[PDB]
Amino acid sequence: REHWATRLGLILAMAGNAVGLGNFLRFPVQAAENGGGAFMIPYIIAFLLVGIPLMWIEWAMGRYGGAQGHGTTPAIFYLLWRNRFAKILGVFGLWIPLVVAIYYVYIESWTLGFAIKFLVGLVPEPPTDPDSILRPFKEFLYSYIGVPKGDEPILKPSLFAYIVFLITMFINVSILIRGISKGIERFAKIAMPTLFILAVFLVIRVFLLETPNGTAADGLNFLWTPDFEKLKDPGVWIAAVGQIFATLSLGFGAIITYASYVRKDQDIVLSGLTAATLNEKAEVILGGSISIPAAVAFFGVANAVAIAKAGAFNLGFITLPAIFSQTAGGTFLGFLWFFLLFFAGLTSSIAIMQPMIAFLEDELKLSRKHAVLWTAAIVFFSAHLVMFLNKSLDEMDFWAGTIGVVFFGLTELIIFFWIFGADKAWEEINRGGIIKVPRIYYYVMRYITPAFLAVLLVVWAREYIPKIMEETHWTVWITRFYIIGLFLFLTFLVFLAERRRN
């Protein structure tokens, strides 16, 4: 089996896995919509009672399976629990990362395209009216991704966006095709430092933004000022947990696959903790100190929250660059922004394609080249659905990146810490560890976390089951149909692998 060259490379690789678009795009929106500071508390709690334990658990499962030449959940679940149904459940460990990759890589390509156009200086040129200043950039984004006037099902992506998507795929491939240490690790050792530097620079530059309408410091205060009136709102907790799952790459089967390339004797406790901590730092300190503080700086708190509620891509692709365009050298600043977004996105995407690649290598005994090329082909082909169908991206992100990750987290936790055995699981987690996990977390992994995830899934189900059947748009049905098809396909591949074993 292939392994990580150095411990530093491993750390930066996992960090590259976690630190992504979710830190600089999703987090600011989630925090703004949930009352800033009021969102932090639950967040932190969700990080302590869900993020960390699941992180360690996925590291342990990953290394455990990897020691036996298996990097994906279809086989690992079976190793932990002898049953076909365990493999069937394991299919999600490929389905989720594949589906998520499908649109994630596309958004990444967006950030790349914007990076290029902003570098070359091909951007809209605003003239004191906000709606105005924002309009040109809105039209810019809409022209880029081909957004219809009213609410129409067909998207008309520009040729440039398509070509840039091809390029993005090419970059992902060029990295993944080299392998774990030659490809992912090498790239991480550069992209990560670059990312942190750009992030810090942007943070400082944004902090210097001050106008008659507000300052960045106001944004920082709003984000770090506690509010206990929202603690009774279940939605805030749900959003916190969801953000934790998303930002830590939990339930995506990515952490596991990355961990399968960690030598059996190497520690996964301190390494995992370090990766998670790095992610949280990049999220609450870097991600939260850019978009929101700027929006508040220019338009104020209220308007910033409104914009945040307007959409996820509205803040990162429209509002922020529109704000930068009003400052000296704002175009270049925008470039730095989108470049940062690009490196983060890429460092995540390779991580979410590695599960499929790894399955092709370990179970179907395909070479790395073939595995990478076929995975790339599948993702690229499937991407057209996201590119040309409106509301498709949202549907995939919902079924895979929202419900699926939680369901899968609960599933893996139950299989590893209950069926496989709590004591054996614990011993497996701590074994070889440079530091030992606090005893309390034991009781946290066995009782608290699973209970939380269960309750969450129950509420979600209760709320969505009636809405699902009654949905007008046909694009969502096409998407559902297709991703179901993907699930059947992966199940079939698992079947073929199983038959090959015999």
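In case it trips you up, residue 1 is the first one in the sequence shown, and so on.
Missing deposited residues between residue 127 and residue 128: 1 to 3, all without coordinates in the entry. When 245-253 is weighed against 410-418, 410-418 comes out higher, by mean CA B-factor as recorded in the entry.
A summary of the deposited B-factors shows that, of 364-372 and 230-238, the stretch with the larger mean C-alpha value is 230-238. Which of 108, 283, 151, 395 has the largest Cα B-factor in the deposited entry comes down to 151. Comparing the C-alpha B-factors of 356, 389, 429, 147 in the entry, the top value falls on 147. Looking at the C-alpha B-factors along this chain, the one for residue 435 belongs to the middle third. Residue 81: CA B factor lies in the highest third for its chain, per the PDB record. Among the modelled residues of its chain, residue 339 has a C-alpha B-factor that falls in the lowest third according to the deposited record. Sort the chain's modelled residues by C-alpha temperature factor and residue 464 lands in the highest third, per the entry.
Annotation for residue 287: C-alpha temperature factor in the lowest third relative to the rest of the modelled chain, per the entry.
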